[PDB]
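We give structure tokens for two forms of one protein chain below, kept apart as structure 1 and structure 2.
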Structure 1
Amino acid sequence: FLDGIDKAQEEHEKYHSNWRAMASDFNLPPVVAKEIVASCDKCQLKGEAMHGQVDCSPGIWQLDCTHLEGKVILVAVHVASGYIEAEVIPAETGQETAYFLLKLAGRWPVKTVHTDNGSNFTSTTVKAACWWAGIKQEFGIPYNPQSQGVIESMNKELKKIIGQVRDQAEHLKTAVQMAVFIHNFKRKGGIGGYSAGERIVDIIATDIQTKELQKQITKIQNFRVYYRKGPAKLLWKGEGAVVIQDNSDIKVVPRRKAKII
């Protein structure tokens, strides 16, 4: 193909033909045309077609500031449950973001806050408020609201509820608290038919209960397992399969070729 490849690069340097066009016009295998395209800097113009998956641990909260009727609404959400907190604040300022964050951390177990890189969240005053409550700050890739998919989706549900109840309140702060109430306790569905309030209660109570239960289980159930290796620490057994943790690496092995001691 030496004559077919040299003419294809000469054509790609002009028209930037994709791999197919150069496979048809110069009698090339698909691999060679794809290679000629892959080596052109001017043709690498498209990312891969996937989406990530945000952290949904029980202690992660996403915060963001949204705007409505000239006012600033600082909104938070519990990612695992959908439970939201919100407040109209006079200004997007690290002072009042820190006040909001301290109130939140005082009402619920907030382990980690995920936010974008707005100035109020990247402020030295929030860093002090998050350090005092023992909160971990995760900032997202700048200019990527998809990294805040949960709270950004909650900026739409919250604003949608406010317009439904806006005419039952003179001020916007009352409508914001009405919308918080309605979302958290009057909208059911999701992973348990719950509302956001029931679901956060379940998530948190389940976290506590499971931590206590598994603490007891590990305190009692103390075995070592040899498979195929070292004395891996036993995690679970039953149904013809054993789960163990060998050097901080959890893997599933069948009951055969594994002995518990």
Structure 2
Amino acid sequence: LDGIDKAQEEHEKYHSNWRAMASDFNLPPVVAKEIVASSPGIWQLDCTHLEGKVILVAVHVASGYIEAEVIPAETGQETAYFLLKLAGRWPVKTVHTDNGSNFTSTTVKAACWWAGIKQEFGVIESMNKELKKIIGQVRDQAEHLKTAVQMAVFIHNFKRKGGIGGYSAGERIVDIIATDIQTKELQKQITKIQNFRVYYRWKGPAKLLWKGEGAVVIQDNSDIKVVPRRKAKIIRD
């Protein structure tokens, strides 16, 4: 509340995002998002051949987390089943494909329509090469290639560790999806509160930002002002 001027000064000086201001100056995320305002669903699909069997590989671009399994045939039904599974396990919004025969079939389009996925036609190649390397490493521990493929997926997702902080792909995708959930929560709160107009002390209508227990935060003429609940009225428009 009292830190709104400090947050505005910090934004003017360092151009910090609303996350930093909300974490530092103890502000609600809507106020910080207004001050600063004043990929998670991306997947790539590819088919890879190994020892005469087809491996369908899905990678989460923003994290490198992979989803692969051996399919009996390179058929639109099998890849539609794979994509429906992927949508059922992760929040898949759009998939990138290579204009193959199995990706432009009507079954896959119907699966995307039902699962709410948009179809759009370099990371995938490196991911396939790394998956092949791990499969070659762990082939001797599995009789079938399908078991070895799942071993390689497990190893790449939770055992191999690299990056800035040295996290695995599973931790990265979990963090990314958590951040996306936070972003969606904030967007829903903004949409819910944006339909209100506030009159304070009576002055002109002011966009509502926060409806705290002891105060009401509003915006007037590109300036954020805090008024008490007992000196302002909020109406829905």
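Numbers follow structure 1, counted from its first residue as 1. Think of the rigid core as the biggest set of C-alphas that the two forms share within 1.5 Å after superposition.
Would the C-alpha of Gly70 be classed as shifted by 2 Å or more between the two structures after rigid-core alignment?
The answer is no, as the C-alpha of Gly70 shifts between the two structures by less than 2 Å after core alignment.
Relative to the superposed rigid core, does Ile217 relocate between the two structures - that is, does its Cα move 2 Å or more?
The answer is yes, as the C-alpha of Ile217 shifts between the two structures by 2 Å or more after core alignment.
Tell me whether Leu234 is among the residues that move between the two structures (Cα shift of 2 angstroms or more, core superposed).
After core superposition, the displacement of the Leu234 C-alpha between the two structures reaches the 2 Å mark, so yes.
Once the rigid core is superposed, tell me how far the Cα of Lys7 moves between the two structures, in Å to one decimal.
Comparing the two forms, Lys7 shifts 71.1 Å at C-alpha.
After superposing on the rigid core, how much does the Cα of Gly192 shift between the two structures, in Å?
Once the two forms are fitted on their core, the shift reads 3.2 Å.
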